[PDB]
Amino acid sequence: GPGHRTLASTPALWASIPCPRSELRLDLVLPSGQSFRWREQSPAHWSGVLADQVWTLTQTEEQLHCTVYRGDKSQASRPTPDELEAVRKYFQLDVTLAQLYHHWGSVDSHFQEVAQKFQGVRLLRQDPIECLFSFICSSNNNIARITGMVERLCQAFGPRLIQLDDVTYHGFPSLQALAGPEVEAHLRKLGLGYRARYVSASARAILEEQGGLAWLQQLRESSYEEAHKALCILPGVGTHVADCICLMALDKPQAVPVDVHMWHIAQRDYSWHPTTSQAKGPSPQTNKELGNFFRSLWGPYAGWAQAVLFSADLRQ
């Protein structure tokens, strides 16, 4: 198919959004385990599906440059202002990251040191369905493998969008696509392991037991506590996956995922131990205390601070 675009080579097809590197580093956000659907198909150029369309993104010092492949047999043209607003919303650019970094660094000198090297790590605002099923796939697993599972899940069950070069892009599957009694066995052939049943069972639960797609909007409008509790009803969603979804798709900036990385960070970089449990290893009680510890330390956007340290820890 047509080639993946670069900014320098097809300038007529790109438009910019004001966005300095202090506010965003694509290379520190897009491959760091928030979204699993972005690939650096050309040096410094990241391609993926954003609001039912394929986009390529690249940065200069003060601007985020965007191009869209509409794939409705229309003539090529640069993104419109309305189309760019979707990119703006996806990166939540109304939030000023430099001021959060200053606050987090002021209360936490360890954060300040890490942040000096890892500028521009912000939080994507993801589709709730894509976020839910991607993080169901993420549990007890590594980002490289998760990325392939999500890719194959979309290849098999999501709509075909367009082909660029050798890469056929697919939308994320609908709930209905994932709910049939045949889907589990298919997801097992696609290598999802025991999470195959979690994905299909969770799609069925939402459609059959929670009122369908509107439930996720209900949770977006609910409190952190209410949304986090409700998600845990789903098979494969425990407190950590629920926190991932709250933080990254349901607009709960205080939600703090606690995985193997955050637990190692707490022990190694903060010398933290639980004080609400005599036993100190990971458990429901100690994982809960650790999330509360990070909220007490970092404040209302603690989950965003978590994203900085998580992204940094992937590179060590």
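Note that residue numbering follows the sequence shown and begins at 1.
A.B. asks: Higher average CA B factor in the deposited record is what I'm after, so tell me if that's 67-75 or 123-131.
C.D. replies: According to the entry, 67-75 carries the higher average C-alpha B-factor.
A.B. asks: Determine, for stretches 47-55 and 245-253, which one has the higher mean CA B-factor as deposited.
C.D. replies: Higher of the two, by average CA B-factor, is 47-55.
A.B. asks: Would you mind checking which of 110, 240, 228, 197 has the top Cα temperature factor in the PDB entry?
C.D. replies: That would be 197, according to the entry.
A.B. asks: Classify residue 291 as lowest, middle or highest third according to the C-alpha B-factor given in the PDB entry, relative to its own chain.
C.D. replies: CA B-factor rank for residue 291: lowest third.
A.B. asks: Please rank the C-alpha B-factors of the chain's modelled residues and tell me whether residue 262 sits in the lowest, middle or highest third.
C.D. replies: CA B-factor rank for residue 262: lowest third.
A.B. asks: Tell me, lowest, middle or highest third: where does the Cα B factor of residue 285 rank within its chain?
C.D. replies: Ranked within chain, residue 285 CA B lands in the highest tercile.
A.B. asks: Which third, lowest, middle or highest, does the CA B-factor of residue 279 fall in along this chain?
C.D. replies: As the PDB entry reports it, the C-alpha B-factor of residue 279 lands in the highest third of its chain.
A.B. asks: Divide the modelled residues of the chain into thirds by Cα B-factor and specify which third, lowest, middle or highest, holds residue 41.
C.D. replies: Middle third of the chain for residue 41's C-alpha B-factor.
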